[PDB]
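Q: so I've got this experimental structure, pasted below with the sequence.
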Amino acid sequence: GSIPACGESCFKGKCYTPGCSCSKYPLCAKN
């Protein structure tokens, strides 16, 4: 759920950072 924690971006592919979810398009949030 934490955006700044993961700092990953989801697009034409699954989240790169393990544990992060694309629950905040277009970026993956860590928990």
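A: Cool, the structure landed. Numbering: from 1, shown residues only.
Q: for the rest of this, base every contact and every neighbour count on C-alpha atoms.
A: Noted.
Q: need the residue closest to the centroid of this structure.
A: residue 28 (1.0 Å; CA atoms, centre = their mean).
Q: who does residue 8 form a beta bridge with?
A: Beta-bridge pairing of residue 8 under DSSP bridges involves residue 28.
Q: just to revisit the earlier point, quick check: the residue nearest to the centre of the chain touching residue 21?
A: Yes. Using CA atoms under 8 Å, residue 28 is in contact with residue 21, at 4.9 Å.
Q: between those two, what contacts are shared?
A: Listed as contacting both residue 28 and residue 21 by CA atoms under 8 Å, 6 or more residues apart in numbering are residue 15.
Q: spit out the contact partners of residue 16.
A: By CA under 8 Å, 6+ apart, the residues touching residue 16 are residue 8.
Q: now it: which helix or strand?
A: Counting by DSSP states H and E, there is no helix or strand that carries residue 16.
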